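Quick setup: one chain, the form solved without this ligand, written in structure tokens, and binding and motion questions come after.
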């Protein structure tokens, strides 16, 4: 069951995987939830995405201390919007090594974000260049192409049935794709489908702005994105 911890919500998804959820008022849009992940890999913890703010991100680290009590080895963030990168300073203050797509780090200052310490680069086929993602353990990072943003990346968790689409993917009952302000409308559908094809065995799809769903999230997202073209 969901665990309320201050103003955040935590939900266990698998033996070594939890979803973190944080909220920000977007005047004219309500209090918007954003989800990320926490993964235990043996004696360390790996984080996918910050919360919206530094204070919320420090609360994620407090939850980790209380519920797991192992060091956070690294964090990876999935694009340069506030829901994913807004808490970078809290990670740095905590001594955590941080990673983002090189393009996300380039875009960070103009988006009002602090860049991660390290830049991921990607092969032509979308898989991360392994030397840029050292010690990522079960995290398999994939650039699916431009969609929600030009820089969006995705993460599979090896040894689980879980893949994280970030803000690229919405659930199977969603009426829209959400914030398309920085989207690549021409390529979105193909990028959504490429995410699915990269993680074919993932039966639980986690995403930023919907609760976890089946792979119908991917097909429905792509079918909605077909209409942008």
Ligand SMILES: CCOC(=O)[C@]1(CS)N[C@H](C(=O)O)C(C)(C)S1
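Numbering follows the first chain given and starts at 1. Residues that one form lacks are left out of the comparison. For clarity, a rigid core is taken as the largest C-alpha set superposing within 1.5 Å between two forms.
Omitted here: the form solved in complex with this ligand. The next part is about that form.
Checked against this ligand in the entry with it bound, the candidates 32, 198, 204, 190 yield a single residue with a heavy atom inside 4.5 Å, and that residue is 32. Site annotation in the entry with it bound: the residue of 167, 163, 45, 48 reaching within 4.5 Å of this ligand with a heavy atom is 167. Only one segment in the set 73 to 81, 115 to 123, 135 to 143, 153 to 161 has residues whose heavy atoms sit within 4.5 Å of this ligand in the entry with it bound; it is 73 to 81.
Remark: residue 179 counts among the residues lining this ligand in the entry with it bound, judged by a heavy atom distance of 4.5 Å or less.
Mapping the unseen interface onto this chain, residue 209 counts among the residues with a heavy atom inside 4.5 Å of this ligand in the entry with it bound. Residue 43: CA moves less than 2 Å between this form and the one not shown after rigid-core fitting.
Residue range 26 to 30 is the only run of 3 or more whose C-alphas all shift by 2 angstroms or more between this form and the one not shown once the rigid core is superposed.
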